[PDB]
Every structure is written in structure tokens, then in C-alpha cells.
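Working notes, beginning with the structure itself.
Just so you know, all these numbers are worked out from the coordinates, no wet-lab data involved. Note that we place each Cβ from the backbone using ideal geometry, even for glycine, and neighbour counts take in every protein chain shown.
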Protein chains: 2
Amino acid sequence: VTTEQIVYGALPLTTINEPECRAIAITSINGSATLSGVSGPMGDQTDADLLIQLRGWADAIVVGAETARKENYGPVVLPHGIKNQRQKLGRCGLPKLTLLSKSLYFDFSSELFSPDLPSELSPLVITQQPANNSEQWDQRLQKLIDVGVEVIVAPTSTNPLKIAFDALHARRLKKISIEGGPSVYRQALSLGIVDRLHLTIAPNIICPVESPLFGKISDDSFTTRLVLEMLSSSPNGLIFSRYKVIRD
Amino acid sequence: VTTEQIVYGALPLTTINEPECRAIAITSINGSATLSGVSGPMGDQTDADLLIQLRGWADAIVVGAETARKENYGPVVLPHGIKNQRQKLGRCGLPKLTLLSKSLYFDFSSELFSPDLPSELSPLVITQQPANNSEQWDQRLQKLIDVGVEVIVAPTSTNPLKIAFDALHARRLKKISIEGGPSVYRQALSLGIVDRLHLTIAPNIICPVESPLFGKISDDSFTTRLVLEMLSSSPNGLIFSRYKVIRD
């Protein structure tokens, strides 16, 4: 079972050109997304490859800024082969990285925020007008603007994932990978926009659960059932699973 | 992949006669042991069969009384075939059901507490002398005694799982299945007595996590790594996994 199978195989013609949103996530067997505050250490090479494979499938990546930060995200890269398969299929070489940030706090030493970064590598920042004012946020927005980063400010009322989802669709970006933030997974599930889930289950137990896989913002509860479509494991004993998310 | 494989296959001669303790558990993909307060509804027939298969492997079953209660446990039953395989191999027909109960609250309408229940079906109750006194507990202990149930009272200081573990070993009961209670799983892991884990991952998401798989008694934290030994799924998309628990 290859990563290409996991991402592309045993599917209908919905690939052909149908919009699709997928969430990709890693968890301990008991539902923690993090070990020592990060997800990376739980993953192995197979898992890292699968993320890249799904990125090769995606038109856009949606991720919470703090997850992007903690996971040392940089400008999106893809293997020479994938980018070429993409471009020949008339697709942009790289998916658009979309960062959800209510604070707008970013590390500007990152290449993601260099003023001369090629535009296709520049992240789309999605934020919200803060309800009660923050001069930090104002100053941060300005800094982003001054380096040339595109920032969409959602209204105070609105849902930032819905906004991102629309901004990306309105941009003809149809395949969306949500690489997380538990709270991002959570907002997406409860909006019902996740069609499939790639979940890696790492051979570890973490007590207490550092970071509940789908968030601890109990606010609005929900359950849902899944259809297992693909099941596999790495030689390090990580389980890779693809589920279809069942609506209503 | 059969349930008999999952339980018995790809192992060393440690089966031959080596003491072994295994925990068996079900979880949502995000680490809840319960849906609507119970585990049963998450399981399918394959999973129920696997529990029975592991019971056929076991000399004793250790389970928290409240889990036994919520899951409508009765006297242990095994298929005619398994019991015969057991007895011919010189084993007691049925494993000893061992119930961990600090309150000693039981439903005496259960056949488990009928005074004429055959002794091999009678549960071993493991409790603790309550630190500050409870006349309820006294009265309940007496009721159990009056129906003929064997009750071991651990000291106030001691660990009830350690006590159960010893009581069962001292009884020549070498293969122990812990069918749970998250807090029972938790106490067992932190005592380091779990050699292997059978974990079923059910195709559902439950937010908030109703019942953290390995307990929410944060008191003493821990992590551990696992070696995946067996991986399989049912036609309903439940994942069955067997891991070896790695000590120190």
C-alpha cells in the first residue's frame, strides 16, 4: 500500500474535477494530537510522505497559524515529480498555503514572510476584526501588508473557516487539505465541510491527553460516523486510515 | 484475519505457559471509550467475538464494577467449542470474573449475585477498606458475604489492581484480561503490568470526549510507546490492533 494509493485510490470520478475537502491528522491511540506540544515526533517517514502526497493532491492547504508555527512550517515544497505531474495536468505547481490567525502574530524571520518570496509561495492569511480593539493586531496587520502578504479580515460575526473555504473556492481552489489545528478540525467538522479524513494513529499512549484531537472547546458538542475506506501501517507501527465523513 | 489470529498468532512460546496480562478496549478515533455513556454501541459483531476469543485465552478477567454494570455484564459464558478446547488443555472451563469495586454497590437481581450461582461463575470482588467509614459499605460487604461472594478487602494504603493481580496469581490464574474501566486501564499501565493491548478503533468521532480512553484522573501523568503487532478491520470499518506494551 503506497501513499499514492491512500490519497488517490479506491475513489469515484469525484477526483476528475469535483471540489473536495480533506482533513489530515495524527493522534496517539488515546486521542492526543501532540506529544511534548508537537505532532512531528509522533510521525515517521511514511507519515511525512503521506502529508506531501496529500499536498500534491491539494489546491490549497488550510492550517491554524499556531500549528504552522509549532510544526516549523515554511514555504510549501513538493517533489520535482509531483509538481511536474501537476503542471502537465494544468494545475498550479504548488498548493496555496492558507493560514488562519486571529492574533496575526507571525515570525517574520520565516521565509514565508520575506517580501521577495514568490507569490505562489506567499500564504493567504485569514483573520477576523477583533471584537474589542487591539493595537497589536492593527500593527501586525500593517506589518503583513508591508511585506506584501494577502490578508482577508473576516467580520467579527463570521466563521473564519467558512470564510477561508469561500475565499479559496472563489479562487478556483477546489481540493482543500486541512492540516489542522484541533480547533480547526473541530470548526470544519461542525460546519460539515470535511468530506474525508486521513488519520494516522501513532503507536503511543499520552496521559493526560495533551491536546484533544478535535479540540477542547466544548461549546458545541457533536458526534459523527465514518466509513473506513483505506487501512494500512508503516514499519514503525503507525496506522494510516482514510475515512469518508458522513453528513447529517 | 480471524479473531483467533488476533489473540493467538504471531507470538513466541510465552503462550506455552508464561503469565501474561492484556488490556482490551474500544475507542472512538478521537479517544472516547464511550458513546452515550457506554462502549457496546461502538462495537460490532467482530469486536464482540474478539472479546469472547480473548476471554477464551484468559484465566481471569479484571474489570471495574461500574463498567461491568454499564455494559450489562453477567456470568461469563464461552462457546461450547472454546470451553472444550480449554478443558482438554487442562484449564478451567471459564475464566474467573474479577470485579473491582470501591463502593461495593451491586445489582443483586443479577445472576452474578444469586446465592446458588455455581462457584466458577461467582465473581471475585476486590475492594478497599474505606479511609473514612461508610456504613453503606459495611452493609454491602455483608450482603455480598450473605450471598456467598468472595470479597478481598485491600488495605486503605494499597493499590487494588496490584492486589487483584496478586490474588489471581496466588490462585494460579496466569493469563489476565483487563476489560477495562478507563481508570482500570490507567492504574494498570502506570503499574506497568500490561504486556499487550487489544484496541478496537471505531469509525466515529465523539466531541467532547465523553470518557478519555485511559482516564481523566490526571494525578500522575505518563506516556509510553507501543509496538504494533497485528492490524485488521471489520466490514463495518472497525480497526482491530494488537500492540506490545514497552516497559521503561
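For B:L100, the residues whose amide H sits under 5 Å from its own are B:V63, B:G64, B:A65, B:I126, ignoring neighbours fewer than 5 places away on the same chain, with H placed 1.01 Å from N. For the protein assembly as shown, the antiparallel share of DSSP beta bridges with both residues in that region comes to about 40%. List nothing, just return the count: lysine pairs in the stretch B:93-219, 8 or more apart or interchain, with Cα separation under 23 Å. Summing the qualifying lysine pairs gives 10.
Starting from the Cα gyration tensor of the stretch B:83-236, take the square roots of the eigenvalues, sort them a ≥ b ≥ c, and report rounded, prolate or oblate (rounded when a/c is under 1.5, otherwise prolate if a/b is larger than b/c, else oblate). Here the stretch B:83-236 falls in the oblate category.
With θ taken as phi - 60° and the Karplus curve 6.51 cos²θ - 1.76 cosθ + 1.60 applied, the whole-hertz 3J(HN,Hα) list for the stretch A:233-241 is 9, 8, x, 7, x, 7, 9, 10, 9 Hz, x standing for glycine and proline. Counting only residues at least eight positions apart within a chain, or on another chain, the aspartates and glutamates with an alpha carbon under 14 Å from that of B:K244 are B:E20, B:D195, B:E229.
For B:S110, inter-copy separations between label points set 7 Å beyond Cα along the Cβ vector come to 5.3 nm, shortest first. Shortest first, B:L89 label-point distances to identical copies amount to 5.1 nm, with the label point at 7 Å from Cα along Cα→Cβ. Computed from backbone phi with θ = phi - 60° and the Karplus coefficients 6.51, -1.76 and 1.60, the 3J(HN,Hα) list for the stretch B:199-204 is 10, 9, 10, 8, x, 8 Hz; x is used for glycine and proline. Taking amide H as placed 1.01 Å from N in the peptide plane, B:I26 has its amide H under 5 Å from the amide H of B:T200, each at least 5 places away in sequence or on another chain. Between copies, the label points of A:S36, set 7 Å from Cα on the Cα→Cβ line, lie 4.3 nm apart, reported in increasing order to one decimal in nanometres. Under a model in which nothing but the beta-carbon of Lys, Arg (+1) and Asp, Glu (-1) is charged, the protein assembly as shown shows a dipole of about 780 debye around its Cα centre.
For B:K175, nonlocal amide neighbours, meaning residues 5 or more places apart or on other chains whose placed amide H falls under 5 Å from its own, are B:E20, B:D59, B:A60. Rounded to the nearest 20, the size of the Cβ-charge dipole of chain A about its Cα centre is 580 debye, with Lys and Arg at +1 and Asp and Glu at -1. Convex hull volume of the Cα atoms of the stretch B:1-152, normalised per residue: 156 Å³.
At a threshold of 8 angstrom on Cα-Cα distance, excluding pairs fewer than six apart, so keeping six or more, what relative contact order does chain B reach in percent? Normalised by residue count, the contact order of chain B is 29 percent.
The rotation axis bringing chain A onto chain B passes closest to the chain A residue reported with its distance as A:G31, 1, by C-beta distance in whole Å. Of the residues B:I205, B:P182, B:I193, the one whose Cα sits farthest toward the positive end of the charge dipole of the stretch B:136-237, with +1 on the Cβ of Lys and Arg and -1 on the Cβ of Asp and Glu, is B:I193. Which percentage, to the nearest 5, of the DSSP beta bridges contained in chain B is antiparallel? Taking every DSSP beta bridge within chain B, about 35 percent pair in antiparallel fashion. Per-residue packing, averaged as other Cβ atoms within 10 Å, sorts the ranges B:105-111, A:97-103 into the order A:97-103, B:105-111, beginning with the highest.
Counts of other chain beta carbons within 10 angstrom of each beta carbon in peptide B:215-221 average 3. Label the stretch B:209-248 by shape, choosing from rounded, prolate and oblate, from the square roots a ≥ b ≥ c of the eigenvalues of the Cα gyration tensor; if a/c is under 1.5 it is rounded, and otherwise prolate applies when a/b is larger than b/c, oblate when it is not. Oblate is the answer for the stretch B:209-248, as a/c is 1.5 or above yet b/c matches or exceeds a/b. Across the stretch A:12-17, coupling constants 3J(HN,Hα) worked out from phi with the 6.51/-1.76/1.60 Karplus curve, θ = phi - 60°, read x, 5, 3, 5, 2, 6 Hz, and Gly and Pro carry x. Once each part is reduced to its C-alpha centroid, what is the distance from the stretch A:101-121 to the stretch B:1-80 in angstrom? Cα centres, the stretch A:101-121 to the stretch B:1-80: 51 Å. Evaluated with a Cβ-only charge set (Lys, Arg +1; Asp, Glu -1), the stretch A:58-159 carries a dipole of roughly 440 debye about its Cα centre, given to the nearest 20. Taking a sphere under 13 Å around the Cβ of A:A25 and counting the other residues whose Cβ falls inside, with K and R at +1 and D and E at -1, yields a net charge of +1.
Over chain A, DSSP H runs of length four or greater, each weighted -39,500 (n - 2.57), average out per residue to a 222 nm ellipticity of -8000 deg cm²/dmol. When the Cα gyration tensor is reduced to axis lengths a ≥ b ≥ c, the ratio a/c is 1.5 or higher for the protein assembly as shown, and with a/b above b/c it is classed as prolate.
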